[PDB]
Amino acid sequence: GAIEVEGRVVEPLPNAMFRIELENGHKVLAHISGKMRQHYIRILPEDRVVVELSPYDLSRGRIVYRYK
């Protein structure tokens with residue numbers, strides 16, 4: 001039930017979405033945040049990310065950080 005969770009990127013999807021596996025065992029789809037878009041942060045499969053999940057749907061969220 002955590003709302004801020006780390007995961008690994010599985011694959012890019014259209015509309016700037018990514019399939020992610022979280023470290024609580026759940027799959028989610030997320031896009032990068034506006035701040036990350038502004039800073040042109042590349043996301044690739046196998047990257048480690050922090051996701052803020054949607055209150056309305058814990059299977060959707062926003063990527064807010066990608067580990068270097």
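The rules we used
Residues numbered from 1 in each chain as written, not as in the entry; some residues may be left out. Heavy atoms only, no water. Core = buried A, V, L, I, M, F, W, Y, C linked by side-chain atoms within 4.5 Å. Buried < 20%, exposed > 50% of the residue type's maximum accessible area, 1.4 Å probe, protein only. Contact = heavy atoms within 4.5 Å. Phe/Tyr/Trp six-rings, centres within 6.5 Å; stacked < 30°, edge-to-face > 60°. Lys NZ or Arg CZ within 6 Å of the ring centre and 35° of its normal.

- Per the deposited record, X-ray crystallography is how this structure was determined, to a resolution of 1.470 Å.

Topic: the nonpolar core
Consideration 1: In terms of nonpolar packing, the biggest core is built from 14 residues, with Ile-20, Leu-22, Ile-43, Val-49, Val-51 and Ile-63 touching the most fellow members.
Consideration 2: Discounting chain neighbours no more than four positions away, the residues touching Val-49 are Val-5, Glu-6, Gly-7, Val-9, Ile-20, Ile-43, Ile-63, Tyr-65, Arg-66 and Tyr-67.

Remarks on the packing of aromatic side chains
Consideration 1: This structure, assessed with the given rule, holds one aromatic pair.
Consideration 2: Ring plane angle 90 degrees and centroid distance 4.9 Å describe the contact between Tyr-65 and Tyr-67, whose orientation is recorded as edge-to-face.
Consideration 3: Accessibility expressed as a relative area gives 39% for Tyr-65, which makes it partly exposed.
Consideration 4: Classification of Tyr-67 as partly exposed rests on a relative accessible area of 27%.
Consideration 5: The residue whose ring lies beneath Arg-48 is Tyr-67, and the NZ or CZ to ring-centre distance is 3.6 Å.
Consideration 6: In this structure, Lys-68 packs its charged tip against the face of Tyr-65, placed 4.8 Å from the ring centre.

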